[PDB]
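Chains as they are written, first to last, in full-length UniProt numbering: chain A, 27 to 217; chain B, 27 to 216.
For each residue, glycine too, the CB sits at the ideal point set by N, CA and C.
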Amino acid sequence: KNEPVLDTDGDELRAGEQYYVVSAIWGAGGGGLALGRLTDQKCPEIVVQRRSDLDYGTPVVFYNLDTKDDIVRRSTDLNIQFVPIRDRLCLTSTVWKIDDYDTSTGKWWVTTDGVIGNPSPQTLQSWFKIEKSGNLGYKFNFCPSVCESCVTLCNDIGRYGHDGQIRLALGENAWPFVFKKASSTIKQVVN
Amino acid sequence: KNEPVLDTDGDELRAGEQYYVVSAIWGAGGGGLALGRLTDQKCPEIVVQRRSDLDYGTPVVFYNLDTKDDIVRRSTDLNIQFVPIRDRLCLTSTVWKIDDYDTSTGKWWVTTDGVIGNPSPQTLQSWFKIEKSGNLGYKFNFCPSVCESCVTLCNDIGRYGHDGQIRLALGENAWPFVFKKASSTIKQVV
Ligand SMILES: [Zn+2]
Ligand SMILES: [Zn+2]
Ligand SMILES: [Zn+2]
Ligand SMILES: [Zn+2]
Ligand SMILES: [Zn+2]
Ligand SMILES: [Zn+2]
Ligand SMILES: [Zn+2]
Ligand SMILES: [Zn+2]
Ligand SMILES: [Zn+2]
Ligand SMILES: [Zn+2]
Ligand SMILES: [Zn+2]
Ligand SMILES: [Zn+2]
Ligand SMILES: [Zn+2]
Ligand SMILES: [Zn+2]
Ligand SMILES: [Zn+2]
Ligand SMILES: [Zn+2]
Ligand SMILES: [Zn+2]
Ligand SMILES: [Zn+2]
Numbered sequence: 027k028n029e030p031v032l033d034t035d036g037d038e039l040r041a042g043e044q045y046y047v048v049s050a051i052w053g054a055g056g057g058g059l060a061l062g063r064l065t066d067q068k069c070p071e072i073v074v075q076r077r078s079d080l081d082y083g084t085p086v087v088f089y090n091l092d093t094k095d096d097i098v099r100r101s102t103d104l105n106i107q108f109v110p111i112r113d114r115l116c117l118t119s120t121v122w123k124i125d126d127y128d129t130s131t132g133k134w135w136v137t138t139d140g141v142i143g144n145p146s147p148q149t150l151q152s153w154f155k156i157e158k159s160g161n162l163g164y165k166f167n168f169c170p171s172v173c174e175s176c177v178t179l180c181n182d183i184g185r186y187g188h189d190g191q192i193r194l195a196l197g198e199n200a201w202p203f204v205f206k207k208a209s210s211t212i213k214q215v216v217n
Numbered sequence: 027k028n029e030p031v032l033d034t035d036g037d038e039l040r041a042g043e044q045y046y047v048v049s050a051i052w053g054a055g056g057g058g059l060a061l062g063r064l065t066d067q068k069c070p071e072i073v074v075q076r077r078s079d080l081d082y083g084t085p086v087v088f089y090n091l092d093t094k095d096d097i098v099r100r101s102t103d104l105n106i107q108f109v110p111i112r113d114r115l116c117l118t119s120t121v122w123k124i125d126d127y128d129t130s131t132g133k134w135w136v137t138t139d140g141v142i143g144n145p146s147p148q149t150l151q152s153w154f155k156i157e158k159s160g161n162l163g164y165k166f167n168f169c170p171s172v173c174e175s176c177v178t179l180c181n182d183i184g185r186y187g188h189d190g191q192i193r194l195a196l197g198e199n200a201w202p203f204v205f206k207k208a209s210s211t212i213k214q215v216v
């Protein structure tokens, strides 16, 4: 029942379709999201942002909580999965999830090896919401409500430098994004 | 400066002194807290509650954020450490800390191997608060203020049965406790 998330063409986002997640702020605001690697723990791959605003990164696909709903809506728990075109460097999943607290940095990082579906305590770390960010794009929000009796973090996602890369983590200042159709989705609006 | 936490004799808690942490609800509400262990895990030890209300468990000591304050006060971050009278089972610390999320239960357990002091992002999981719980004892709360920029859990601590034992975890319904001074030795000013 919530309002649909829109892409840069003004079209409602469709579950199951590929979208680049691109910073709503260009220049020093960077480009799109992608799979990255840390040298101390190369798998699972982490979520990073490309520094070049003309690099849209790797597309993601959204999976709704209600698998019957074709539309991606604001403020509704969903799973997010990178869909790389090239061969896998890691055998962990490319599904986003919130990591365990990192004492070395004070951060709750967005990483991968998440799980699709099965809303439950077991999958709590894999559920994200998309929220409107004022009048400038959207933000990711980790505040799952799939388990009413579970204590959870409830916080927006920002971007933070670590080891020379731009990572995503829970933080006080959300980073805004827009959604751009990947080539496979552009085919869906043309005959 | 917030109001002091009081023990069962009406005396303020002092840092470094040993206190049993005993359920304010007796009978089916159980007894005091103690070090325990899991089946697959001997180390670090976990925080458990004794089922018998005349078993006060293992005493704890409190460490203040500011090492100069000797009084334990409500709604202030502190470290909590078991001081067992029995041989250690582990080389890990007996300092309380919030565990990593347990996907198999949906719980954020209170465990040990925490750290004393050094309020920082590195030690964030080791800082607890004591709050009044209405007309019946005190509750523990995990909601550290030691790192203003850090994102943190912020929740009361309840008691939950798992795998035959009574554990503590973050939860919506806090469990109430009182503090019984453990030793009959002289109350010496630090
Ligand atoms: Zn439309
Ligand atoms: Zn249109
Ligand atoms: Zn290293
Ligand atoms: Zn590039
Ligand atoms: Zn439906
Ligand atoms: Zn991890
Ligand atoms: Zn680290
Ligand atoms: Zn690193
Ligand atoms: Zn105050
Ligand atoms: Zn008063
Ligand atoms: Zn006194
Ligand atoms: Zn007094
Ligand atoms: Zn002072
Ligand atoms: Zn240790
Ligand atoms: Zn642990
Ligand atoms: Zn750890
Ligand atoms: Zn488990
Ligand atoms: Zn179980």
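Pick from the options that is closest to residue i, judged by C-alpha positions
i: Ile72/B; options: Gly36/B, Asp182/B, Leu80/B, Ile192/B; result: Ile192/B
i: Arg63/A; options: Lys94/A, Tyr127/A, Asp139/A; result: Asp139/A
i: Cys173/A; options: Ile106/A, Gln148/A, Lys207/A; result: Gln148/A
i: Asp66/B; options: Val204/B, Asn105/B, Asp189/B; result: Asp189/B
i: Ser175/A; options: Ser49/B, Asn181/B, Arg112/B; result: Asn181/B
i: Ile111/B; options: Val74/B, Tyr186/B, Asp35/B, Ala60/B; result: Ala60/B
i: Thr131/B; options: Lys94/B, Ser159/B, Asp95/B, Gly187/B; result: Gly187/B
i: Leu91/A; options: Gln214/A, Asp35/A, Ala41/A; result: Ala41/A
i: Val74/A; options: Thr211/A, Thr34/A, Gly184/A; result: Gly184/A
i: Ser146/A; options: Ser159/B, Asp128/B, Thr34/B, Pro145/B; result: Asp128/B
i: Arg114/B; options: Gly36/B, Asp95/B, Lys68/B; result: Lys68/B
Nearest-angstrom beta carbon gap, residue j and residue i [assumed within contact, 8 Å]
i: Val47/A; j: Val86/A; result: 6 Å
i: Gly58/A; j: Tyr82/A; result: 4 Å
i: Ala195/A; j: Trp135/A; result: 5 Å
i: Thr102/A; j: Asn28/A; result: 5 Å
i: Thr34/A; j: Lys206/A; result: 5 Å
Residues that DSSP places opposite residue i in a beta bridge
i: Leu61/B; result: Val73/B
i: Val48/B; result: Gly58/B, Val204/B
i: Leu104/A; result: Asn90/A, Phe154/A
i: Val136/A; result: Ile124/A
i: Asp79/B; result: Note: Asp79/B sits in no beta bridge, so no partner.
i: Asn181/A; result: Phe168/A
i: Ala195/B; result: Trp135/B, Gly184/B
i: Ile97/A; result: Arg40/A
i: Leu32/A; result: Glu38/A
Same chain only: Cβ atoms within 8 Å of residue i, ignoring 5 sequence neighbours per side
i: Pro30/A; result: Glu38, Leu39, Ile97, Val98, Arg99, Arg100
i: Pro70/B; result: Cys116, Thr118, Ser119, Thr137, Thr138, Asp139
i: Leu150/B; result: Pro170, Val172, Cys173, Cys176, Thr178
i: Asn105/A; result: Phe88, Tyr89, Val121, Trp122, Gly140, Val141, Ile142, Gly143, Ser152, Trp153, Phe154
i: residue 275/B; result: Lying outside 27 to 216, the shown extent of chain B, residue 275/B is not represented and no answer is given.
i: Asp95/A; result: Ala41
i: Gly36/A; result: none
Residues that residue i contacts on chain B, provided the C-beta gap is smaller than 7 Å
i: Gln151/A; result: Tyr127
i: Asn181/A; result: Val177
i: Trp134/A; result: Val177
Residues near residue i in its chain [Cβ-Cβ closer than 7 Å; skip 5 each side]
i: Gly53/B; result: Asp79
i: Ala208/A; result: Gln44, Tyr45, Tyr46, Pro85
i: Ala50/B; result: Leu162, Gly163, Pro202, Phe203, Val204
i: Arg76/A; result: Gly56, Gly57, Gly58, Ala60, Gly83
i: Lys133/A; result: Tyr186, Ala195
Within chain A, the residues that residue i reaches when beta carbons sit closer than 8 Å
i: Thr131/B; result: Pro147
Within chain A, the residues that residue i reaches when beta carbons sit closer than 9 Å
i: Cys173/B; result: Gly132
i: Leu196/B; result: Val177
Other residues of its chain near residue i: CB distance less than 6 Å, five sequence neighbours each side excluded
i: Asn167/B; result: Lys155, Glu157, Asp182
i: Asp125/B; result: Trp135, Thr137
i: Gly197/A; result: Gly184
i: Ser210/A; result: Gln44
i: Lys165/A; result: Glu157, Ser159, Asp182, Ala200, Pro202
i: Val109/B; result: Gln44, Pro85, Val87
i: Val215/A; result: none
i: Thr93/A; result: none
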